[PDB]
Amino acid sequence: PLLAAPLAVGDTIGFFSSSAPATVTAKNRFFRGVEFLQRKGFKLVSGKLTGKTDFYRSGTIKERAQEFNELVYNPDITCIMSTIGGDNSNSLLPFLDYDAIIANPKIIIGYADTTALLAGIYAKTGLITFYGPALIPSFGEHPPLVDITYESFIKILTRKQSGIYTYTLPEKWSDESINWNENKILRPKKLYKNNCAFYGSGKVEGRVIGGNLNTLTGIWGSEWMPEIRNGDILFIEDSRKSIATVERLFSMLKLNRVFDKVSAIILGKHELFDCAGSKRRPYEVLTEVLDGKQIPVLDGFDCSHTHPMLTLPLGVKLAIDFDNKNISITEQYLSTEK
């Protein structure tokens, strides 16, 4: 794969708004996230749509593509980070400068709707991009959880690329929809013990592919959807969905023969899943849809809309040890030097 140069303390991070204009609509949280990264020593470059609104989005399709391309063209930038998702980054895909991305590989990171860009860029260029923090939701989170998110971000992106990397499991997590865009918390979030489950045995190693599953529907079938291959590990997460929607999306995968190919599935923790009173969890729905197909599942990986969030390279090999209950990156995902 095509690899970006690694991150280092003091580097420049550029940020872009490919969908929702949250630098305006969540401006307090945005400022807290900016301050958070600056205090860590990063220099920030604001994308040209910062502070702008076009109702539900930051700008026209072309304006948003331009905003992103301009960061790619900036030789001082090591990391290009989403401000926040939304619904609309898939629109940009015909207009991104893929040749410039190939010529100037950078760390591209975000999650949620930004999946369309992460997956589409990988499909077009082979660049290893990252499912991980977006500036506003992730780094504007109040302590204590933001510190755990940051620890994963800095570890994954700065560590020496030698030997496998085994993830640490956050001790506590939350998905509550509070403390969003004000100076002070209303009250502390509920902190849940980590209930991640490893359904299976032995060790499975394969290329990880995926992201936000609902968002993948916006690129599905196109040249921007990376082909899923035999032996891949499917990584999928969703946020604030009804069980009805989750069944629909899992069945979409089934119809597409995805479950005939993949050797394991990672379900990110689902933020505020709505079980419609059934008390069922997504894994149970997946099990019905699988119709007897035995695939080991890591249910509840902390790389999703829940806090804290780990950083995950997409398109490289991972190894899930279902017996020892751990997950590791086993393939180089950044260049050894800048």
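All residue numbers refer to positions in the sequence shown, first residue = 1.
Relative to one another, 132-140 and 166-174 have unequal mean CA B-factors, and 166-174 is the one with the higher figure. Annotation for 249-257 versus 200-208: the higher mean temperature factor (C-alpha) is found in 200-208. Annotation for 270, 64, 52, 32: 52 ranks highest, by Cα B-factor. Looking at 238, 147, 113, 97, the one whose CA carries the top B-factor in the deposited record is 97. When all modelled residues of the chain are sorted by CA temperature factor, residue 234 is found within the lowest third.
Split the chain's modelled residues into thirds by C-alpha temperature factor. Residue 302 is in the lowest one. In this PDB entry, the Cα temperature factor of residue 151 sits in the middle third of its chain's modelled residues. Annotation for residue 85: C-alpha temperature factor in the lowest third relative to the rest of the modelled chain, per the entry.
Among all modelled residues in this chain, the alpha-carbon of residue 295 has a temperature factor (C-alpha) in the highest third.
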